[PDB]
Structure formats: structure tokens, C-alpha cells
Amino acid sequence: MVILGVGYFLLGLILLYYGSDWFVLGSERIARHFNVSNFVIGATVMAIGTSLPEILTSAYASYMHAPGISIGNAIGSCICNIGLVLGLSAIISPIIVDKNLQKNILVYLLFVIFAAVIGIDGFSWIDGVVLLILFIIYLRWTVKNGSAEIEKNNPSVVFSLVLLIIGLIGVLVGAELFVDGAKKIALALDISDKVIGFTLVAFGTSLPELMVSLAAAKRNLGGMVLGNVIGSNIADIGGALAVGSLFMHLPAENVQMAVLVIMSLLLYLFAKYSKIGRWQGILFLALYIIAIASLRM
Ligand SMILES: [Ca+2]
Ligand SMILES: [Ca+2]
Ligand SMILES: [Cl-]
Ligand code: NA
């Protein structure tokens, strides 16, 4: 059963690779269909789609009386999205942020700071309710500001939705096969360790974002990348973390929240006063490496 683990592992990689490109291509077409920016489609449809693992994971974990895993994933994902995911993407395709997209990033920063402050004493179910509402407000605010009001079953639209949906299924299934495949290899080789069993799943929920953003970066879709990262973080907090708090009070993670706030602030400052390019990406990656080397497992 080690061969089937390798089977799942490689097949997961194949589905992630091609699925992410299809998802990106389908999303880019849908953006042009609805007359919205790539940032908007990245921050809404793409972000929610790729944060489905986090939401399910956080909800399940907190339900199973493991609220540390719930908030643990979620904040961990946010750090991964800025540090690793945006870091790699910025180097591949440097981004100069337009003024009204800078506005969206600022709102994101305020959201993260607000979440951090109310999370100092942990996250109650009331905290979750508030975050979820802000999450909803953010989505509507984002769509409208990035929408161009203008107006059968056109083959261009249908094929667009097919690419998106099948692409999304490809990255989600691919991510599961990757994790399950790796988990069965490790079990077959008796090197299985649940202390690292969670870093495999935590990173696993971040695999769709990683592959999607890289694919978009390869096609110079910087707005989509930034949208995906910003939207996924908010979805991780206002969605994944929030739902977790509904089942059980989530323990405070003040160190990790502080790290996220600092990384979010840096992201805003770079977007506002400079660019998100090679050296900003290098800094993000360096910080991420420092985080995974120092933060508690
Ligand atoms: Ca995810
Ligand atoms: Ca609280
Ligand atoms: Cl773009
Ligand atoms: Na996401």
C-alpha cells in the first residue's frame, strides 16, 4: 500500500498542476464576462473556492474538540499566503498596485488588526459572528467597487464556467490526493508522526492557493494573485476561523496574529508606496522561512 500512496501523490500533483491553470484560465474569462477586474474574481470566487479546505477543516476540528487546530490552520494559512504564496508570485511576476486596489488592501489590513485585537482573549462564537458579517460585507464592497455596470447560453460563457469548475475540482481533489498519498507513504514506511501529520494537512489546505497563484503569476496576472491572497486570508479569518469559533472558543494565538499583522502591514506599505516585486517577495519568503523555523509546532 506504499505504491498506491505514491500513486495518489503523483496524481495529486498532476491534478494540481493542470487544475490550477484551468481554474485560472476559467476565472480570467469569467472576470471579462462579468466586466470585473482580475483582483475581484481572485478575491471572491477563487479565494472562497480555495479556502473551502480551511473552512471544512476548522469546523471539523473545533467540532471534534480541537479548537487549537482550528485557529492554528487558519492563521497559519494566512501567514503562508503572504509569506510563501505571495512571496513566490511576486518574484515571478512583479506587481504595481493601482490606487483603488490599494484601498482594498488597506481594508484588509484593518480587518486583520480588528481580528487580532478581539482575539487577544481568544475567539468566542460572538467573535466569529462578527468576523463572518465583516467577511460578507467585504465581499459585497469588493465586487461593487470592481464592477462595471453594463447589463442565450453563449458557448464562451459555458466553456468559461466549465474550465473554472473543473479546474477547481482538479485542485481540491489534487490537494486531497497529495495529502492522503503522502500520509499513506509515511504510514507504510512507519515514519508517520501526527505532530508532523498536521503540518502535512495544514500545508495541504494551502496547496490550492499556492498552485493557483503560481499559475496566475506565470501568466502575468498579478491582480488575480493579489486578489487570491487577500481574499483567501479574509476567508480564512471571517470564514474558517469564524466557523470554528461557533463550535468552541478558540484559544488565543497572539504570537501568530502579531506575525500576520506585521506581514499584512508590510504588504500594505509595499502596495501603497512601492511595488510587490522581486525584493519584496524575497523579504516575504525570508520572513516565512523564519516563521516556520521559530513558531511552535
Ligand atoms: Ca486553502
Ligand atoms: Ca475575544
Ligand atoms: Cl491582473
Ligand atoms: Na482561499
# chains A, B, ... in the order shown; residues from 1 in each chain; ligands from 1

call {"tool": "residues_near_ligand", "arguments": {"ligand": "ligand 3", "cutoff": "6 Å", "atoms": "only C-alpha atoms and all ligand atoms", "output": "JSON, numbers by chain"}}
result
{"A": [38, 221, 222, 223, 224]}

call {"tool": "write_last_selection", "arguments": {"atoms": "N, CA and C atoms", "output": "PDB file, in the first residue's frame"}}
result
ATOM      1  N   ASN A  38      -9.540  41.319 -12.494  1.00  0.00           N
ATOM      2  CA  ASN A  38      -8.993  40.035 -12.079  1.00  0.00           C
ATOM      3  C   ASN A  38      -8.835  39.955 -10.566  1.00  0.00           C
ATOM      4  N   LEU A 221      -0.712  37.547 -14.330  1.00  0.00           N
ATOM      5  CA  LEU A 221      -1.973  38.038 -13.790  1.00  0.00           C
ATOM      6  C   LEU A 221      -1.801  38.459 -12.332  1.00  0.00           C
ATOM      7  N   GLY A 222      -1.025  39.520 -12.125  1.00  0.00           N
ATOM      8  CA  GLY A 222      -0.681  39.984 -10.793  1.00  0.00           C
ATOM      9  C   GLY A 222      -1.872  40.392  -9.948  1.00  0.00           C
ATOM     10  N   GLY A 223      -2.870  41.001 -10.584  1.00  0.00           N
ATOM     11  CA  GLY A 223      -4.084  41.398  -9.892  1.00  0.00           C
ATOM     12  C   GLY A 223      -4.821  40.199  -9.319  1.00  0.00           C
ATOM     13  N   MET A 224      -4.857  39.114 -10.089  1.00  0.00           N
ATOM     14  CA  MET A 224      -5.510  37.879  -9.666  1.00  0.00           C
ATOM     15  C   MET A 224      -4.797  37.270  -8.465  1.00  0.00           C
TER      16      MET A 224
END

call {"tool": "select_by_dssp", "arguments": {"residues": "region 18-166 of chain A", "states": "helix (DSSP H, G or I)", "output": "PyMOL selection string"}}
result
chain A and resi 18-33+38-50+52-63+67-92+99-118+125-145+155-166

call {"tool": "residues_near_ligand", "arguments": {"ligand": "ligand 4", "cutoff": "8 Å", "atoms": "only C-alpha atoms and all ligand atoms", "output": "VMD selection string"}}
result
chain A and resid 46 to 52 54 206 208 to 209 228 to 229 231 to 233 235 to 236

call {"tool": "residues_around", "arguments": {"residues": "residue 238 (chain A)", "least_positions_apart": "2", "cutoff": "10 Å", "atoms": "only C-alpha atoms", "output": "NGL selection string"}}
result
:A and (55 or 74 or 111-112 or 115 or 127-136 or 138 or 232-236 or 240-243)

call {"tool": "write_last_selection", "arguments": {"atoms": "N, CA, C and O atoms", "output": "tab-separated table (two decimals), in the first residue's frame"}}
result
chain	number	residue	atom	x	y	z
A	55	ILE	N	-12.11	26.02	5.73
A	55	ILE	CA	-13.41	26.13	6.38
A	55	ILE	C	-13.88	24.78	6.91
A	55	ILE	O	-14.27	24.67	8.07
A	74	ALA	N	-5.83	28.21	10.37
A	74	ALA	CA	-6.37	29.40	9.76
A	74	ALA	C	-5.38	30.55	9.73
A	74	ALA	O	-5.16	31.16	8.69
A	111	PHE	N	-9.11	44.90	8.80
A	111	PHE	CA	-9.81	43.67	9.16
A	111	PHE	C	-8.92	42.76	10.01
A	111	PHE	O	-9.35	42.25	11.04
A	112	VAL	N	-7.68	42.56	9.57
A	112	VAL	CA	-6.73	41.72	10.29
A	112	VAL	C	-6.40	42.27	11.68
A	112	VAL	O	-6.31	41.53	12.65
A	115	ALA	N	-9.37	41.72	13.89
A	115	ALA	CA	-9.42	40.31	14.26
A	115	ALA	C	-8.39	40.00	15.33
A	115	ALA	O	-8.65	39.24	16.26
A	127	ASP	N	-17.41	36.47	18.48
A	127	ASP	CA	-16.33	36.97	17.64
A	127	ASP	C	-16.47	36.43	16.22
A	127	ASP	O	-16.29	37.16	15.25
A	128	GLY	N	-16.81	35.15	16.11
A	128	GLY	CA	-17.00	34.52	14.82
A	128	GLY	C	-18.12	35.15	14.02
A	128	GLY	O	-17.98	35.40	12.83
A	129	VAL	N	-19.25	35.40	14.69
A	129	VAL	CA	-20.41	36.00	14.06
A	129	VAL	C	-20.06	37.35	13.44
A	129	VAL	O	-20.39	37.62	12.29
A	130	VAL	N	-19.36	38.18	14.22
A	130	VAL	CA	-18.91	39.49	13.75
A	130	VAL	C	-17.97	39.39	12.55
A	130	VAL	O	-18.16	40.07	11.54
A	131	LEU	N	-16.96	38.53	12.66
A	131	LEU	CA	-16.00	38.32	11.58
A	131	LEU	C	-16.67	37.84	10.30
A	131	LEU	O	-16.32	38.27	9.20
A	132	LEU	N	-17.66	36.97	10.45
A	132	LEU	CA	-18.38	36.42	9.31
A	132	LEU	C	-19.19	37.51	8.60
A	132	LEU	O	-19.28	37.53	7.37
A	133	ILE	N	-19.77	38.41	9.38
A	133	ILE	CA	-20.53	39.52	8.83
A	133	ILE	C	-19.61	40.47	8.07
A	133	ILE	O	-19.92	40.87	6.95
A	134	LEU	N	-18.47	40.80	8.68
A	134	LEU	CA	-17.46	41.64	8.03
A	134	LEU	C	-16.94	40.98	6.75
A	134	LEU	O	-16.71	41.66	5.75
A	135	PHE	N	-16.77	39.66	6.80
A	135	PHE	CA	-16.39	38.87	5.63
A	135	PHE	C	-17.40	39.09	4.50
A	135	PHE	O	-17.02	39.38	3.37
A	136	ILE	N	-18.69	38.96	4.82
A	136	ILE	CA	-19.76	39.18	3.85
A	136	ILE	C	-19.74	40.61	3.32
A	136	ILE	O	-19.85	40.85	2.12
A	138	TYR	N	-17.20	42.65	3.24
A	138	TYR	CA	-16.01	42.80	2.40
A	138	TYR	C	-16.25	42.32	0.98
A	138	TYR	O	-15.81	42.96	0.02
A	232	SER	N	-8.22	35.10	0.26
A	232	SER	CA	-8.07	33.84	0.99
A	232	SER	C	-7.85	34.08	2.47
A	232	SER	O	-8.42	33.38	3.30
A	233	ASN	N	-7.02	35.06	2.81
A	233	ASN	CA	-6.78	35.42	4.20
A	233	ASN	C	-8.07	35.82	4.92
A	233	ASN	O	-8.36	35.34	6.02
A	234	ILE	N	-8.85	36.69	4.28
A	234	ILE	CA	-10.11	37.12	4.85
A	234	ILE	C	-11.06	35.93	4.97
A	234	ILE	O	-11.75	35.79	5.98
A	235	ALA	N	-11.06	35.06	3.97
A	235	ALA	CA	-11.87	33.84	4.02
A	235	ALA	C	-11.39	32.91	5.14
A	235	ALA	O	-12.18	32.19	5.74
A	236	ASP	N	-10.08	32.92	5.40
A	236	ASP	CA	-9.52	32.10	6.47
A	236	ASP	C	-9.92	32.60	7.85
A	236	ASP	O	-10.08	31.82	8.78
A	240	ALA	N	-13.14	30.45	7.90
A	240	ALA	CA	-12.60	29.26	8.56
A	240	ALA	C	-12.52	29.44	10.08
A	240	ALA	O	-13.09	28.66	10.83
A	241	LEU	N	-11.82	30.48	10.51
A	241	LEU	CA	-11.66	30.75	11.94
A	241	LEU	C	-13.01	31.04	12.61
A	241	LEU	O	-13.29	30.53	13.70
A	242	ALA	N	-13.83	31.85	11.96
A	242	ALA	CA	-15.14	32.23	12.50
A	242	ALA	C	-16.03	31.02	12.76
A	242	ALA	O	-16.58	30.87	13.86
A	243	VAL	N	-16.16	30.15	11.77
A	243	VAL	CA	-17.00	28.95	11.89
A	243	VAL	C	-16.48	28.04	13.00
A	243	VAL	O	-17.26	27.43	13.74

call {"tool": "residues_around", "arguments": {"residues": "residue 6 (chain A)", "least_positions_apart": "6", "cutoff": "8 Å", "atoms": "only C-alpha atoms", "output": "ChimeraX atom specification"}}
result
/A:181-182,185

call {"tool": "write_last_selection", "arguments": {"atoms": "N, CA and C atoms", "output": "PDB file, in the first residue's frame"}}
result
ATOM      1  N   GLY A 181      -1.998  10.698  -0.150  1.00  0.00           N
ATOM      2  CA  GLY A 181      -0.930   9.916  -0.742  1.00  0.00           C
ATOM      3  C   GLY A 181       0.339   9.994   0.082  1.00  0.00           C
ATOM      4  N   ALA A 182       0.678  11.199   0.528  1.00  0.00           N
ATOM      5  CA  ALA A 182       1.851  11.393   1.370  1.00  0.00           C
ATOM      6  C   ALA A 182       1.655  10.712   2.718  1.00  0.00           C
ATOM      7  N   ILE A 185       2.149   6.964   2.302  1.00  0.00           N
ATOM      8  CA  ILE A 185       3.562   6.654   2.125  1.00  0.00           C
ATOM      9  C   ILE A 185       4.246   6.630   3.490  1.00  0.00           C
TER      10      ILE A 185
END

call {"tool": "atom_distance", "arguments": {"atom1": "CA of residue 219 (chain A)", "atom2": "CA of residue 271 (chain A)"}}
result
20.2 Å

call {"tool": "residues_near_ligand", "arguments": {"ligand": "ligand 2", "cutoff": "10 Å", "atoms": "only C-alpha atoms and all ligand atoms", "output": "NGL selection string"}}
result
:A and (115-128 or 245 or 249-252)

call {"tool": "write_last_selection", "arguments": {"atoms": "N, CA, C and O atoms", "output": "CSV table (one decimal), in the first residue's frame"}}
result
chain,number,residue,atom,x,y,z
A,115,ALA,N,-9.4,41.7,13.9
A,115,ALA,CA,-9.4,40.3,14.3
A,115,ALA,C,-8.4,40.0,15.3
A,115,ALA,O,-8.7,39.2,16.3
A,116,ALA,N,-7.2,40.6,15.2
A,116,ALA,CA,-6.1,40.4,16.2
A,116,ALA,C,-6.5,40.9,17.5
A,116,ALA,O,-6.3,40.2,18.5
A,117,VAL,N,-7.1,42.1,17.6
A,117,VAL,CA,-7.4,42.7,18.8
A,117,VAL,C,-8.5,41.9,19.6
A,117,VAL,O,-8.3,41.7,20.8
A,118,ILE,N,-9.5,41.5,18.9
A,118,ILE,CA,-10.6,40.8,19.6
A,118,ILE,C,-10.2,39.4,19.9
A,118,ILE,O,-10.9,38.7,20.6
A,119,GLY,N,-9.1,38.9,19.3
A,119,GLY,CA,-8.6,37.6,19.5
A,119,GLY,C,-7.6,37.5,20.6
A,119,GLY,O,-7.1,36.4,20.9
A,120,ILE,N,-7.3,38.6,21.3
A,120,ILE,CA,-6.3,38.7,22.4
A,120,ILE,C,-6.7,37.7,23.5
A,120,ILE,O,-5.8,37.1,24.1
A,121,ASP,N,-8.0,37.7,23.8
A,121,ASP,CA,-8.5,36.8,24.8
A,121,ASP,C,-9.2,35.6,24.2
A,121,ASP,O,-10.0,34.9,24.7
A,122,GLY,N,-8.7,35.3,22.9
A,122,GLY,CA,-9.3,34.1,22.2
A,122,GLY,C,-10.5,34.6,21.3
A,122,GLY,O,-10.9,35.7,21.3
A,123,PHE,N,-11.1,33.6,20.6
A,123,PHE,CA,-12.2,33.9,19.8
A,123,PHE,C,-13.5,33.2,20.2
A,123,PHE,O,-13.5,31.9,20.1
A,124,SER,N,-14.4,33.9,20.7
A,124,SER,CA,-15.7,33.4,21.1
A,124,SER,C,-16.6,33.2,19.9
A,124,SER,O,-16.3,33.8,18.8
A,125,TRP,N,-17.8,32.6,20.0
A,125,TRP,CA,-18.7,32.4,18.9
A,125,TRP,C,-19.3,33.7,18.5
A,125,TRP,O,-19.6,33.9,17.3
A,126,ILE,N,-19.3,34.7,19.4
A,126,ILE,CA,-19.7,36.1,19.1
A,126,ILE,C,-18.7,36.7,18.2
A,126,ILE,O,-19.0,37.4,17.2
A,127,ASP,N,-17.4,36.5,18.5
A,127,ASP,CA,-16.3,37.0,17.6
A,127,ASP,C,-16.5,36.4,16.2
A,127,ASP,O,-16.3,37.2,15.3
A,128,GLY,N,-16.8,35.2,16.1
A,128,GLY,CA,-17.0,34.5,14.8
A,128,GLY,C,-18.1,35.1,14.0
A,128,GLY,O,-18.0,35.4,12.8
A,245,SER,N,-15.0,29.0,15.7
A,245,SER,CA,-15.4,29.6,17.0
A,245,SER,C,-16.9,29.4,17.4
A,245,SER,O,-17.2,29.4,18.5
A,249,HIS,N,-14.9,27.9,21.8
A,249,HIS,CA,-14.0,29.0,22.0
A,249,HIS,C,-12.6,28.6,21.5
A,249,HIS,O,-12.1,27.6,21.8
A,250,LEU,N,-12.0,29.5,20.6
A,250,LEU,CA,-10.7,29.3,20.1
A,250,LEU,C,-9.7,29.9,20.9
A,250,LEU,O,-9.8,31.1,21.2
A,251,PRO,N,-8.6,29.2,21.4
A,251,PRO,CA,-7.5,29.7,22.2
A,251,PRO,C,-6.8,30.8,21.4
A,251,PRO,O,-6.6,30.8,20.2
A,252,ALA,N,-6.4,31.9,22.2
A,252,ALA,CA,-5.6,33.0,21.6
A,252,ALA,C,-4.3,32.6,21.0
A,252,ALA,O,-3.5,31.8,21.6

call {"tool": "closest_residue", "arguments": {"among": "A:66, A:186, A:113, A:166", "to": "residue 22 (chain A)", "atoms": "only C-alpha atoms"}}
result
A:166

call {"tool": "closest_residue", "arguments": {"among": "A:201, A:295, A:96, A:248", "to": "ligand 1", "atoms": "only C-alpha atoms and all ligand atoms"}}
result
A:201

call {"tool": "residues_around", "arguments": {"residues": "residue 188 (chain A)", "least_positions_apart": "6", "cutoff": "9 Å", "atoms": "only C-alpha atoms", "output": "list in words"}}
result
residues 1, 2 and 5 of chain A

call {"tool": "write_last_selection", "arguments": {"atoms": "N, CA and C atoms", "output": "PDB file, in the first residue's frame"}}
result
ATOM      1  N   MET A   1       0.826  -1.203   0.000  1.00  0.00           N
ATOM      2  CA  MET A   1       0.000   0.000   0.000  1.00  0.00           C
ATOM      3  C   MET A   1       0.862   1.257   0.000  1.00  0.00           C
ATOM      4  N   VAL A   2       2.144   1.085  -0.309  1.00  0.00           N
ATOM      5  CA  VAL A   2       3.058   2.213  -0.441  1.00  0.00           C
ATOM      6  C   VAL A   2       3.056   2.691  -1.890  1.00  0.00           C
ATOM      7  N   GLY A   5       0.145   4.887  -2.441  1.00  0.00           N
ATOM      8  CA  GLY A   5       0.444   6.164  -1.819  1.00  0.00           C
ATOM      9  C   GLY A   5       1.232   7.040  -2.773  1.00  0.00           C
TER      10      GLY A   5
END

call {"tool": "closest_residue", "arguments": {"among": "A:167, A:53, A:277, A:19", "to": "ligand 1", "atoms": "only C-alpha atoms and all ligand atoms"}}
result
A:53

call {"tool": "closest_residue", "arguments": {"among": "A:63, A:279, A:198, A:203", "to": "ligand 1", "atoms": "only C-alpha atoms and all ligand atoms"}}
result
A:203

call {"tool": "atom_distance", "arguments": {"atom1": "CA of residue 57 (chain A)", "atom2": "CA of residue 71 (chain A)"}}
result
10.1 Å
